[PDB]
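This document opens with one chain alone, in structure tokens, the form deposited in one PDB entry.
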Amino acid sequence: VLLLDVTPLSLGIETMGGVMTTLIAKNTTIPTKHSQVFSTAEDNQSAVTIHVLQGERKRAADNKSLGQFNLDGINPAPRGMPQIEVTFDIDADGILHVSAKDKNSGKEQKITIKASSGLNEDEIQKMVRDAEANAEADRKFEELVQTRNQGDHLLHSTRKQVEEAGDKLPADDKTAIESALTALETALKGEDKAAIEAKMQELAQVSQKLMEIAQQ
């Protein structure tokens, strides 16, 4: 009431693209507990890595690392089907417990992180200033990662829809889709947002019949 305890920086986890995703927002009063459900990046993923992050930078690699831990024993499924409920719990002692739970498999992995862990009074302000300085480069990095994932989704989605469509797909259409995907996958290996969007434009146009089918 004369004071508060507040997280001076956001806490969260690395998500595909190497982007920090916040669970506890900066200047939050402890005790506190936020949860969020994530999934797998790739088919038949047996495990997820949980890399824990302090800071306000959109790149995970510009934030302070607090720890990382695996959750294995993910029973095989498609991408983005498993439910991995991640919880940030800071108790009244300034201690953070991060848990990851496979909501099907019942499995659970925690890490506890000392109140004293992370960046001290000085490094904090340096991080906060840095966030405002490189706020541009970060908005850009973010929409590049959002674009990569869209492209990535649209790649995986399309390949699946080529198999379920099987013979229904006119040879021509396949050839054309086949190669637009190969171009996409290459450009996804790049850093060039425009180029990823271009192979995404290319696929939209050549897939128009593959979609007609998939609707069935």
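Don't overthink the numbering: it's just position in the shown sequence, from 1.
Mean CA temperature factor is higher for 165-173 when stretches 165-173 and 29-37 are set side by side in the entry.
Stretches compared: 95-103, 119-127. Higher mean C-alpha B-factor in the entry: 119-127.
Ranked within its chain, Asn75 lands in the middle third, by CA B factor from the PDB record. When all modelled residues of the chain are sorted by CA temperature factor, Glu185 is found within the middle third. Remark: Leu144 belongs to the middle third of its chain, ranked by C-alpha B-factor as recorded.
When the modelled residues of the chain are ordered by their C-alpha B factor, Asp192 lands in the highest third. In this PDB entry, the Cα temperature factor of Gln54 sits in the bottom third of its chain's modelled residues, the lowest group.
Keep in mind the form deposited in another entry is missing from the figure; the text below concerns it.
Hinge residue for the rigid-body motion between the shown form and the other one, chosen from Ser35, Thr29, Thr40, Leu144: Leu144.
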